[PDB]
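None of the figures in this text is laboratory data; all of them are computed from the coordinates on show. Cβ: placed from backbone, ideal geometry, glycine included. Neighbour counts: every protein chain shown.
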Amino acid sequence: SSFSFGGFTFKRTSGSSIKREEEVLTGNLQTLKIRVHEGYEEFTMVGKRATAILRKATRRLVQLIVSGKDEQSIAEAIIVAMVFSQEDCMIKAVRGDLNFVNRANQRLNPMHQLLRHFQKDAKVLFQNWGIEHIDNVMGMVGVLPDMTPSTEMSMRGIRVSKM
Ligand SMILES: O=C(N[C@@H]1CCC[C@H](Nc2nc(-c3c(CO)[nH]c4ncc(F)cc34)ncc2F)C1)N1CCCC1
């Protein structure tokens, strides 16, 4: 079962999941109804300018190792991964003036709306995601919320691999 999302081709390599419709609150306290995937799964993300290994559990990104053409290409893949993960901090990063998902049309997709929102500006997403101290894994680097490489700190779960 291969599928497309945010310009990437996803392929499940391990795990299984069941769907459950859930109501989540944004940072604006707005209710969104999302189709939540329950279960630990592993995927490959293949795009035109980036590729990744994604390890996720229910509404939680465990790890993402990204490889792409440059900073912008890698950032695009990170954004899709965070939205795909269905995490609460990704959902809570939706806040402020006019930052509302059009829900008067039930047939619309909140996942695509969240994607479009973070594609325009990932600064609140990347800042609100969290940062962790990383080990000295050679070949893989950490990446800070401004997409600066760091050998000591990175965005929680995120590693950059060389091409
Ligand atoms: O729910 C909607 N869009 C979704 C956007 C994300 C990908 C999703 N499609 C698909 N998602 C998945 C999927 C799996 C399968 O292992 N795990 C997931 N975990 C999180 C997630 F957001 C989607 C998944 N497996 C196969 C798919 F074709 C469709 N829509 C589109 C219009 C009607 C509602």
In the range 43-59, which residue that is out of contact with any helix residue (DSSP H, G or I) (no Cβ under 8 Å at 6 or more places or on another chain) and closer than 11 Å to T9 by Cα is nearest to the ligand (Cβ to nearest atom)?
-> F43
The range 43-57 residues that are in contact (Cβ under 8 Å) with a residue 24 or more places away in the chain and among the basic types (K, R), paired with ones that are more than 15 Å from the ligand (Cβ to nearest atom) and not in a strand (DSSP E or B) (beta carbon under 7 Å, 6 or more apart) | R49/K69; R49/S73
Of everything in the range 1-32 that's aromatic (F, W, Y) and farther than 14 Å from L114 by Cβ, which residue is farthest from the ligand (Cβ to nearest atom)?
-> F8
Output yes when any residue across the range 149-159 is within 19 Å of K19 (Cβ to Cβ), charged (D, E, K, R) and in contact with an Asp or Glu (Cβ under 8 Å, 6 or more places away or on another chain), and no when none is.
-> no
Given the conditions (1) closer than 18 Å to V124 by Cβ; (2) of a type in the set (A, V, I, L, M, F, W, C); (3) under 16 Å from the mean Cα position of the chain (by Cα), which single one is not true for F100?
-> (3)
Looking across the range 12-30 at residues that are in contact with a helix residue (DSSP H, G or I) (Cβ under 9 Å, 6 or more places away or on another chain) and part of a strand (DSSP E or B), the single one that is surrounded by the fewest Cβ atoms within 10 Å (Cβ to Cβ) is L25
Test for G139: is it of a type in the set (G, A, S), without any contact (Cβ under 8 Å) to a residue 24 or more places away in the chain and loosely packed, with under 12 Cβ neighbours inside 10 Å | yes
Might you let me know whether the range 116-133 holds any residue that is surrounded by 12 or more Cβ atoms within 10 Å (Cβ to Cβ), in contact with a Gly (Cβ under 6 Å, 6 or more places away or on another chain) and touching a residue at least 12 places away in the same chain (Cβ under 8 Å)?
-> no
Positions within the range 31-59 being loosely packed, with under 14 Cβ neighbours inside 10 Å and part of a strand (DSSP E or B), in sequence order | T31, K33, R35
